[PDB]
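Heads up: the structure comes next, in structure tokens.
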Amino acid sequence: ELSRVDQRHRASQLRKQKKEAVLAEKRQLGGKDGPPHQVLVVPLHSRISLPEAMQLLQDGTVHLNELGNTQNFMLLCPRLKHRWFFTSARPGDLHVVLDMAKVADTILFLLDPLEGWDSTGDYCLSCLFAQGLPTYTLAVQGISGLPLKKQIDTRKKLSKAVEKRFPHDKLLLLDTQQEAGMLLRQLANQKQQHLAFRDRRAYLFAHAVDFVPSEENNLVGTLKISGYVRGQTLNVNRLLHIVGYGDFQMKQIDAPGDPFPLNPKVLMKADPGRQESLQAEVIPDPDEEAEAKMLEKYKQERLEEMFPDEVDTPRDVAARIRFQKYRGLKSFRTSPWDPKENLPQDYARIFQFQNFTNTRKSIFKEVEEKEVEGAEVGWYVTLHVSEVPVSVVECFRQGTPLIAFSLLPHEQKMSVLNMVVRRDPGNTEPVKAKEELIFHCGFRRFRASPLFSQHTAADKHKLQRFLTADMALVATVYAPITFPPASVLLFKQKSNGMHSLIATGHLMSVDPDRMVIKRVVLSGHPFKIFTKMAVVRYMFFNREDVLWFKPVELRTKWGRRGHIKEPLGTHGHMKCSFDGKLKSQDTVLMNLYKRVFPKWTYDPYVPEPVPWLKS
Amino acid sequence: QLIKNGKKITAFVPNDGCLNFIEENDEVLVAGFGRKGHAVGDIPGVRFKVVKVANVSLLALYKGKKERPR
RNA sequence: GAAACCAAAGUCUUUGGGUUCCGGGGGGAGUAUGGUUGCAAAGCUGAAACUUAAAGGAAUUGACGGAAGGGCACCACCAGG
RNA sequence: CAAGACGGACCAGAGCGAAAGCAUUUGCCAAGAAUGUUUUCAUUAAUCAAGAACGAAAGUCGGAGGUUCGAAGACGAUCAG
RNA sequence: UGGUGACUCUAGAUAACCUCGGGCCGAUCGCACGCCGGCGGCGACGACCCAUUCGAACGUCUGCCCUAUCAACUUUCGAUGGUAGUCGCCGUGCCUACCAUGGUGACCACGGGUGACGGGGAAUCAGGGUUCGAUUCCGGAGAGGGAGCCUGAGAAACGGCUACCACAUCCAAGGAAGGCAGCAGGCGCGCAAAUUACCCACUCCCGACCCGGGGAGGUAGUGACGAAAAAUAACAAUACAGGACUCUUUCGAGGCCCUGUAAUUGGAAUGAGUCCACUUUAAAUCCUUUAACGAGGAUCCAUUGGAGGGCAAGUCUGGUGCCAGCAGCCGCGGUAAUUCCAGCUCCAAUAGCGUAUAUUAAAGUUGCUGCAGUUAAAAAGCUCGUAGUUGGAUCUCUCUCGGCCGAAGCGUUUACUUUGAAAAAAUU
RNA sequence: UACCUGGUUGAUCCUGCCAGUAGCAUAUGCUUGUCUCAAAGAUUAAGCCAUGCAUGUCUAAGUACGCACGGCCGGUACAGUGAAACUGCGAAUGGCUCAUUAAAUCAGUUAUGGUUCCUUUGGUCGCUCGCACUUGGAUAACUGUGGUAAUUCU
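Each protein sequence line maps, in turn, to chains G and L.
Just so you know, the working numbering puts 114 at position 104 of the first sequence, and the rest follows in order with no gaps.
Just so you know, the working numbering puts 67 at position 49 of the second sequence, and the rest follows in order with no gaps.
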């Protein structure tokens, strides 16, 4: 490039460009045009009382909103030219923390001085890492509640206790109002993490919610979700999803006056009939017994880890009947399988994409590179919803918040979701393949019966009958369609409504063509050995059983590969050819493959979790 | 794709079963492979290896010591 | 001297008579670009990106000849029984 | 009879020339090494960036002449290809 | 008059000049007060000038990295010199006017580049050398970019001013205000770097000053950058296992033999910790010193890399089966895997140890010491030829001025060697 | 401690590079009980900066009429301490960074006989032949009236 001025001027140009990008990013929050900065406060340890820090932090002009249980307020300061919205959460109550930490702009964690944090807070923090961190900001409370002598070593011990979970952060303390000024200054200017799962749709937080019942006996009426738009330009025709209560149609948007402007009734849109998105999720045209079962599950998992899929052939039931729908494959990787060969009535009830990647690109470019005529971000708007149950307002009076987000096109239909997911080491309870588990798949909450498979690059995926503690699996189930990326969480009712976390991951591409193959290997003990010829017993029990499964190729735990020549006895006595000679301590085994499909167990309603505790 | 200039680089995930930790569009800390620009061992024309993912080392994730956020 | 070989290719770890040009693992490549000479073809100077663990030099045997000779045997042949 | 060509055998482990190269007789032209010198000058020398003459064959510009041979180009044989 | 090595020096004489935007020749304060109406001691501020100190400023000789795909550069608009001037604190093309046509270059000028602030110095290293030096000491430069100023002895000053440029703060929309390459802190950039702490007590500096001020500086906080010391156990008896010695044909038996291993037994001795008191200190903290509690290994428990060769330590057991993977290189995996993954055992370093990159020694693979050029990479096709480099033998102290000596010339000039004095501290 | 080892081949002897070996410096991983030193936004961006601080100053000795004070003794010009303001000096030292800059900076060496110099220290301070037993006019401090949304504005 030469000519030192030329290199310098090119560098100055690039500097200008990246500074313009950064400045264009940072005005989107906490300002005259920006929406308020939502800060969610979690006291991790049980010794901390959030009211103490909450009143140290509340002083600036305050506006104390109130709810049934939680207490969140609005803060406005022209000194820092900053609008804050502080909302408090309790650890263990994973409902509230999970469904309102996915819209909060910055999370402030409180830590006791003596210990790191509570085990319940440890569970909460594990779940929050697994679903996505907006911005964490470490804080402590009891540092100045001790003399200096133990104070410095207390900070040292906390710094020791944090580096195992948070890799490196400074611990910013809260004891005085001036320290709260330092913290507020810190939270005003942070390297904001763009959690793209928030940004790609039009998500809105509700400050007011009013129910106008059309008919009180029908227990359904018009809802007034008024608050701030925080994602994209929100459009009426796109449907609206409430995080705990499903996706449904919204009828009207108005824009009233904002409650808290930084420097101190008209309707925006009604939904046209033809341009509306239609609510069509499917195609229109068509005590000690539990302990004993748990021990049986333990024995089954122990049997299905040292032996992969060894199934003993029953001598009562005929073998070609019990494995009627199975087929044999020469090689798992290379042998073709038709994805449209055998389909039930369930895949005649979902929606398929001709090309997912093209559709995802088109939808994302239509969101980003195009502008719609809806209300812009930062606006204090009100949404009138035609169809909603009453009880959500009751929940709005309980203490849980309401968050409503406008969906992408084709996000309400049913499809076959595939979730890349690995087991959390905190839980060790054996989970079978077709169990009913709760998915938190990115603002959605539902029980499902998934199917676990390997996460390889090939076409066929062998079904996993149990969840492995290190291998990363793919959970496949009928589910409402969601566009990746998406944080995915797996929970189970342990006892008394305690949601236990098992596994977490991301959402992979959604398609029904990803077939899952269930395998069964049948064992046989070779009791006669010639050179490259063997006579094997106890694999079948009839005579026509060997004749039915003639073309299937036998393999061997010691690596030999063969194919059967003839049946000899009336019982299961079987002549087999081989590449080489078997050892005397050897077993032959034959692979049988079938296509397996997930169960249709989907329901959007979820029970409210109780506060989590350790056994 | 590097942050600082925008070039396109192929990087080798070191240990067995660790590619699943790397998820699509994540921050990765990438090093050299060890021959100073010369392609190393089996992998042809690939001369870099990933050391950290989302500011957690792959060695800790493979040894099951730390947990990967997102 | 690696040896083939060399009275110089000797007087070289016992390393210094004077001086000129020139090589630095193999490819890319005597390529592109630039300058210059040329009517033109071309010449002189001449990179890099990327790529490989070898590429190469002397001598020694022969698995094998689709190379040729002999020599052996009523479990081979001639004369026969 | 004419046309252009080439100077075999003599021709060598010979000869000369800075190398490329140089073979029919005769004359002219100016060179050139070695040898011989009790000649003369007396350090005038070795190698050389820059710079300069020569440089096989093939090729390229202007003419002449074209015997042989001959790039290109034209025939005929040879076949599962 | 006096002096330098040398004056157009210093001093002296004469004739004059001495700026109104001017040059000095005390219209000042304090302390004690005292002697023949008048005379006075000590100190502080001041002052034209001289000398000095602290410097600054220009010059002198020598000494920079890579590049010829940079060979001619300079001079109209000063390039090199001459005379007179202008400005300047001065010497000068520093600028102007008039002349002259010069000045530099293969001993590499001029142009470029530099991931260039220079040096003291750092790392390595037999000898030679190679690489680095932003960085606490010295010298330089700049306070977002350029420019121009005020005041002052000293500034082209930016914790001063005025403008334009680029950013950017408060507005009542009339205007006002900027400058963290100072200390802490933020954003941003990134692979990459700490507290919006405490104090002038130390070190020194500034002022009118035995008193005030000091993010200079000190002190704590973060700190596995790097460096030094140094715990994680010691002894005895048993109980086995081996090894030698003696007695026994051997098997076996003993020792005031040896060597190991023991969640074996016994006692003693301790520090990490919790805590008093003192000391430390500006007030603290830490280290150091005392009381009190504080240790049986089945914890007050050591890690990080490795066990195919290079390269120390397993052809041990199970799992996966040319898959997953390992492996810097050579290579392994296709079923008894010596290499993958675990366990056990073991090795290496040890409160440290892996990886990536840069650079150094190994590299006599950059060769001055000290490489190579028939065939491995390489001698120009050949000769002439300038700069460059190199080059046969030869040759063994005195005359004047002053007290045997001091002054004066030396001797064609250098290279070389040896001595001497000058050469910053820190680092070595 | 002037050192080498594996890798071309059927095998050898070579040239030759690649790889190993040790350092030293930055980053980073994993682990970390004692104790003494101790580097630390240089590299990328001499990019941008919210807020606080970083430069002030009085002796017997320039100017005291702020009762601001305890306080003289009273017509005692001014008893003392002394905020503020004028005056004088400093603010050009220090700190910070390395962008510029290649005979430039810088280093050793010489020079100013070609110059400037606060301060400190020693000299010079009736050499001058021409109201002083004390000269003039303001202006802050303070009193009082204000402007502007706003300033260390006035």
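Where is the CB? At the ideal position from N, CA and C, for every residue including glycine.
In three-state DSSP terms, what is residue i?
| i | result |
| --- | --- |
| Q48(G) | strand |
| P87(L) | coil |
| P177(G) | coil |
| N73(L) | coil |
| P399(G) | strand |
| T130(G) | helix |
| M584(G) | strand |
| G191(G) | helix |
| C36(L) | coil |
| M424(G) | strand |
| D322(G) | coil |
| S594(G) | coil |
| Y308(G) | helix |
| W558(G) | helix |
| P61(G) | helix |
| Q262(G) | strand |
Since residue i meets chain L, which of its residues come closer than 8 Å, beta carbon to beta carbon?
| i | result |
| --- | --- |
| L143(G) | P87 and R88 |
| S136(G) | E85 |
Please list, in chain order, the chain L residues whose beta carbon lies closer than 7 Å to that of residue i.
| i | result |
| --- | --- |
| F139(G) | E85 and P87 |
| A482(G) | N38 |
Verify the CB distance criterion: does residue i have a CB-CB separation below 7 Å to chain G?
| i | result |
| --- | --- |
| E45(L) | no |
| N33(L) | no |
Please decide whether residue i counts as near chain L, where near means a Cβ-Cβ distance under 7 Å.
| i | result |
| --- | --- |
| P177(G) | yes |
| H465(G) | yes |
| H516(G) | yes |
Going along chain L in order, which residues have a C-beta closer than 9 Å to the C-beta of residue i?
| i | result |
| --- | --- |
| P495(G) | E41, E42, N43 and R88 |
If you measure beta-carbon to beta-carbon, which residues of the region 432-450 of chain G are closer than 9 Å to chain L?
-> Answer set for the region 432-450 of chain G: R432, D434 and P435.
Tell me, please, whether the region 493-512 of chain G touches the region 552-568 of chain G by the rule of three or more beta-carbon pairs shorter than 8 Å.
-> The region 493-512 of chain G makes no contact with the region 552-568 of chain G: fewer than 3 CB pairs, one atom from each, lie closer than 8 Å.
Going along the region 70-82 of chain L in order, which residues come within less than 8 Å of chain G, judged by CB to CB distance?
-> Residues of the region 70-82 of chain L with a C-beta atom less than 8 Å from some C-beta of chain G are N73, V74 and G82, listed in chain order.
Within 9 Å of chain L by C-beta, residues of the region 533-561 of chain G in sequence order = Cβ contacts with chain L come from no residue of the region 533-561 of chain G.
Residues from the region 342-354 of chain G in contact with chain L, defined by Cβ distance under 8 Å = Those would be none; no residue qualifies.
Count the CB pairs spanning the region 517-526 of chain G and the region 427-441 of chain G that are closer than 8 Å, and state whether there are at least three.
-> Counting Cβ pairs under 8 Å, three or more are found: they touch.
Looking at C-beta atoms only, is the number of pairs between the region 74-84 of chain G and the region 180-196 of chain G that lie closer than 8 Å three or more?
-> Output reads no: the region 180-196 of chain G does not touch the region 74-84 of chain G.
Inspect the CB distances between the region 266-280 of chain G and the region 471-481 of chain G and report whether three or more fall short of 8 Å.
-> No, the region 266-280 of chain G is not in contact with the region 471-481 of chain G.
Any contact of the region 96-103 of chain G with the region 145-155 of chain G, i.e. 3+ C-beta pairs under 8 Å?
-> The answer is no - the region 145-155 of chain G does not touch the region 96-103 of chain G, with fewer than three Cβ pairs under 8 Å.
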